[PDB]
Amino acid sequence: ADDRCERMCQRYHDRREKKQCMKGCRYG
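What follows is the structure, given as structure tokens:
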């Protein structure tokens, strides 16, 4: 899919903080 959540999660950047984001985007 497109980097939708990633774009909005750009605030994190670091793959580390991105973890929590990927987990939250697993809802839909």
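First residue of the sequence shown? That's 1 in the entry's author numbering, and the numbers climb one at a time after it. Don't be surprised by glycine CBs; every beta carbon is placed ideally from N, CA and C.
How far does the alpha helix (DSSP H) with residue i in it reach, from first residue to last?
i	result
residue 20	15 to 24
residue 79	It is not possible to answer for residue 79, since the shown part of the chain is limited to 1 through 28.
Just the C-alpha distance for residue i and residue j, rounded to the nearest angstrom, thanks.
i	j	result
residue 7	residue 27	17 Å
residue 29	residue 9	Here the chain covers residues 1 to 28 and nothing more, so residue 29 does not appear.
residue 14	residue 21	11 Å
residue 16	residue 5	15 Å
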